[PDB]
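So this first bit is one chain, no partners, the form deposited in one PDB entry, shown in structure tokens.
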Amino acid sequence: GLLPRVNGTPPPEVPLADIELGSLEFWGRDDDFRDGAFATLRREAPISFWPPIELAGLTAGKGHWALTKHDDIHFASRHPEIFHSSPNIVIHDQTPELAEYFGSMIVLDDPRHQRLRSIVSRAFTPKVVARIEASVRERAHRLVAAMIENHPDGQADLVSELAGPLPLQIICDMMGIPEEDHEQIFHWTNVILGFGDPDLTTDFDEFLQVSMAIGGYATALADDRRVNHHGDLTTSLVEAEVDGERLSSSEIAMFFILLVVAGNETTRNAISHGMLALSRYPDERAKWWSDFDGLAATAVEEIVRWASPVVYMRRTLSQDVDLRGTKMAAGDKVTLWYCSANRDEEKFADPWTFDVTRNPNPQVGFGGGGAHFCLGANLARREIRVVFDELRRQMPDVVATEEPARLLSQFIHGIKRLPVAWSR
């Protein structure tokens, strides 16, 4: 909240010769500089080739074509046969023998992708979903109420106390994980998530051990449900079937490992950026708090467009492609910069305005559409809606009180800490 900002302010004009998408220094600049770089790219070099970020001492891989236009990103997403998701969806995979272990369906192309996603989807039965919906409400209500008891001074970090724990507690609830086990699930998850942070010194040996441990935890959980039926997603996964194919315990473990990353830190960063935007632009909070259920759908969609928690996804070309007269070769990597498509001057009027009533809103924060479209998009929209509903009811004047501590990442639009304050 700290620095005053006027809703609708465009980014500074960033000279093309100043943009270094392969430098880590670039990803450390503030959001205005980044938004201004991509604005320059959309105008002057909308498809361009970049080397990967190189951490001195480690293999970096080959470079990538940056797609910065909403129409280009949509096209790529609609043609998975040309733009493959296998081998992986990050610029450079550091553990390629474990690509499928961590990635589950997101690193598969068809037909393997559709087969797996079909079986996983059918496990989300009406009963399992109704339990998830009660969990979202219960968990958000308890976490906000805990912030109030744990902080008589009326100050806390939104990330550690709410935005961090809510998405993971909800994943634990749908898997049927006991309360007692959360500590270990959280510690393992945090170590996995930390392995990308260059402000942390995370041991690769430790990363492997926690990765195997959470996977062994998950296969044992699924095996328990094979003998003991419960009303949880774990049991629905072991029982689900499509054309006679069922899921092994290892496949369920890999999907769980994907959830505690892809379904977790994404939602966390949508919540934190949503809090930050509602703090910077208080008229939007006032409007939202005045008609909460009636503006919730457009408000949530704008929080996702604004936050773009997933900054990009990578693809790999199976054949040559010429689009916008830019020739890209089979085998090249391509990156889909959702953070740029969600400011594309050709799709959104007033793109620099955070508008909780915005409509239409063809935002691509859940991806550009198609085969890999976020499996949890409606679950994420619900988590966002419900957490701000509980803040609105319990501490309506809560506001960010400091600029965020930002995660240094090319992939995740991360907030590490976000101080907030409220009154009673």
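Note that the rigid core is defined as the largest set of C-alphas that superpose within 1.5 Å between two forms. All residue numbers refer to positions in the sequence shown, first residue = 1.
The form deposited in another entry exists for this protein as well; it is not shown, and the discussion that follows is about that form.
With the two forms fitted on their core, the C-alpha shifts between the shown form and the other one stay under 2 Å for all of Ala330, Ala349, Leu200, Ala286 except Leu200. In the core-superposed comparison between the shown form and the other one, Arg78 has its Cα shifted by less than 2 Å. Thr266 is not among the residues whose C-alpha shifts by 2 Å or more between the shown form and the other one once the rigid core is aligned; its shift stays under 2 Å. Relative to the superposed core, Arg112 undergoes a Cα shift smaller than 2 Å between the shown form and the other one. Three angstroms is the minimum change: in that other deposited form, the CA atoms of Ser85 and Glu97 sit farther apart than in this structure, by 3 Å or more. In summary, the C-alpha positions of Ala377 and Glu245 diverge in that other deposited form, ending up at least 3 angstroms farther from each other than in this conformation.
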